[PDB]
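Each of two forms of one protein chain follows alone as structure tokens, named structure 1 and structure 2.
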Structure 1
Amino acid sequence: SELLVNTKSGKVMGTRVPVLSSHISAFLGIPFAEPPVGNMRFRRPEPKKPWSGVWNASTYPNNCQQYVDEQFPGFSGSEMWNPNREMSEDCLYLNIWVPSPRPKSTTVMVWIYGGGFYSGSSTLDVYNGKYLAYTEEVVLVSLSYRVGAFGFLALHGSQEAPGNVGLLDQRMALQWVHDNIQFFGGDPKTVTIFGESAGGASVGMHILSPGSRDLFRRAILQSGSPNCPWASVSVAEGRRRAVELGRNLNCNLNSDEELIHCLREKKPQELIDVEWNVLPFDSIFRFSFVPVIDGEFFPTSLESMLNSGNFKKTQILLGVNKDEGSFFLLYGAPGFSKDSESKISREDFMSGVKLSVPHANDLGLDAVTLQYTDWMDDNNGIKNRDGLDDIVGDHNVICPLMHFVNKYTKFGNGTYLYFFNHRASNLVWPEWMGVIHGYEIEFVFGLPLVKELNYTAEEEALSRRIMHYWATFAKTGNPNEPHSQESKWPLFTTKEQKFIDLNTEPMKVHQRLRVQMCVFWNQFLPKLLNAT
């Protein structure tokens, strides 16, 4: 039976699902780890004990326990990102969409969801892999991993809550794919991991980490890179936050054992309820429990790994969206609202940059302000708003990614860079937010091919072209069709540093993506903060 697959962990039974007036198979909720519950909370995951009988994989698994956005109740713009399944600590499962008839050995793509390491689900509608599996004939996998304290509480030295367990969850799922995807018709030698934001940073982290490098072939990073300022913390900061989490729950803080034991008796929601109280600064785009530079998963600091070429050498395709910061200003900066144009006064601008670069002294705050202020028209509310939008985007996503790509390209086997700047015609978020963080995903997953969703014809064409770039790159290491007649997405090189825009207009090649601003964020400001 096409819906029955025998894996090394036991038999699995899928379900036939319709897609663009055809059908493919879907194996949903396949367990790849023992449930990380009870005394296993904060612990490294354990391999799923094989099972007898047939595992029913016809429905989506639970979503991991996570903070839930309630800023705009009933608003689809924000709720499409929330868990659409019951939450549970028993959440380590993966989903596979397989073309029909079942391929013998085709390209595999494993999606790693984003969500700032504190949220995210593999079951969201924008992550439905059927359109991509079907349209590009690839075996599409979406994995899951613990987020929040459950996935990243870090007390270095302790083996009970070592930190990074959420990354190890991803690695185990990549191990299961490496070990079993052949039975679903996928080529374990041709798997591409791809993800957005924290998912994009995770992808980069698996490229860096010696222990994950052999489990995949190529990588795609969307609006995230491993060296992002919000993507990791030192073991000292991780410890300080775990202890502070404990203090918020009236825990005994005499020892890691006492703290860990106390945290394990608390119900999930108790940890989620005080999660945000541990941040060291009043900030925006900073999350409580994220990966820690532990000396294990990451042998040394990310920067020295990038400088010495200590990472997997392969091809990568990555990029960013035009207005990466608007989401975070809307949720946490004074003066921004969902229903107004959000014109920003100098006062709110100043408050905004303080929130955006939490770790900066006054001189640093001044350098940023000068760098983004048009002093010939300083009280212009639109410029202040857009300037703040660029500051958050540049500091948090674009410049860190540009630094990663420039360092990677020196040792890699091929880099393709994009700049996604098409605002979807049916976006429910206000205009001022522009091309929002996370809104290229719907084009990568092919939603614009679904008539009922209301995208234009050019938006379907764009989605088809992006899906074909991603899948062709996954298969060959190059997003371009060998002897095609379409315009070529040029390779990014250390010298020419080319990139393309990704929108409904005719391809246009550019160079040095935001260099002016990134020299400021990557070279000048850090030097300024270190000296002062």
Structure 2
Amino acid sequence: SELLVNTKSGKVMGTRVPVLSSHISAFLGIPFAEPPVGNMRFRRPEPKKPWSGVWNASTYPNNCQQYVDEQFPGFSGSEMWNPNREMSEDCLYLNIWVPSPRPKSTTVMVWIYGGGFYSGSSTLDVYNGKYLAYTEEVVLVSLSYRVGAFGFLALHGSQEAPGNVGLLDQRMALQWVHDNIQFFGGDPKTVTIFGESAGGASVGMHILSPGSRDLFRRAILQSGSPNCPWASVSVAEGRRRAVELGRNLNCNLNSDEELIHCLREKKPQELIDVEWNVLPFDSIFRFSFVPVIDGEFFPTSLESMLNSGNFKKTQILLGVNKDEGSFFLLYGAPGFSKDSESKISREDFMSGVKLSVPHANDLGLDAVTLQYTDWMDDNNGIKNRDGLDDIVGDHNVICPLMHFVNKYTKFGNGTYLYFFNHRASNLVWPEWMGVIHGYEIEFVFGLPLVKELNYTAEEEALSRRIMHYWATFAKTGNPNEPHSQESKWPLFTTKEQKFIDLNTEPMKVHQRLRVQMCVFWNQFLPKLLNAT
């Protein structure tokens, strides 16, 4: 039977699931590690001990213990991102959708979810791999990993809480795919890791980390890259936040051993309730427990690794959405609301600017203001709103990614860059937020192919295109079909820097994605701050 599979750790029994008037096989909730519970909290993951009998892999597993967004209770725009299963520290599981009948050896894609390293779930409806596996004849894995303090509490020099264990979670899932995916009809030689935002930064991190490079063939990054300002902290800052967590929880702070014993003594929700309190003064665009530049997982600084070519050299496919700052402003910047147009005074604009670069001196603040003000009229509320939105997205997502794209292309074996600027017709978030970060994912997983979802027919075509770009890139390292007849997505080169738009209109090619702004953030503003 095609729903039974022997793996190096035991038999698993999957379930037959329907998809677009057909059916495929799904293996939900396969364990890939020992449950990181008890005195294993904070520790590096251990592999799942082998089990006798058959593992019931017919239903989704628990989500990891995380913060849950309650800003807009009952609102679908926010709750579609929350855990839809019971939360638990026993959460290290993966899911697999296998085409029917079981292929002999086909391309594998491993999804890494985002959520700022403080949240995320492999079981969300937008991450349901059955449409992609079915439409494109791939094996679709989605892994899970510890978020929050549970996965990124960094007390460097200790071995009970070294940091980065959530990335080690992802690595173990990749090791598991390498060792077992053959039995599910997946080709372990042709594994593409892809992920969005925090998962995009994660993919990039795996490309950099020597201990991860041999576990996958190529990589896709969506709206995230490892050098993003929110995606890592220094060893000193991670230790400061870990101590600050213990102070919030009446923990003996004398030794790492005693700090950690107290943190292990706590219930999961106690850690979560206080985790935003360890942030520095400027915290509106930051997350508490993120990967740490530890000299182990990352041998040196990310920038020196990028400069010296110290990273896996393969093909990469990556891009951004038009409006990457909108959620940051809505959730954290005073003056933005879900239900207003969020027009911004000249006064409110200056504050946003200050918030955006809180360590800039007066000269740096003036530089950002000069760069993003419409001087033909200062007090246009919509212009001020759009300008602040551009600041936040450029500085936290787009220009980090562009920096990563440029450094990587000097050494890699093929870069493909995209700019996704189509707002879904059925988007429930307000109009001012635009082409929102995260709202290309539904196209990548083929949600528009489902009629009930209320997408337009041109949105079904786009999704079909994007799924085919993605899966063709995964199979061959080029998103374009061999000598087909549609518009070709050109290689991103150092001298020409071409990229494409992804939207419902016919594809056109452009060059130099937001280069003026990225030159400001990546080259100019650093030099100005290092000189005052």
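In this text, the rigid core denotes the largest set of C-alpha atoms whose superposition between the two forms falls within 1.5 Å. Here, residue number means position along structure 1's sequence, counting from 1.
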{"item": "Residue from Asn361, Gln71, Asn277, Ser425 whose Cα, after superposing the rigid core, lies 2 Å or more away between the two structures", "value": "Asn361"}
{"item": "Core-aligned Cα shift of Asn250 between the two structures, given in Å", "value": "0.8"}
{"item": "After superposing on the core, C-alpha shift for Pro526 between the two structures in angstrom", "value": "1.4"}
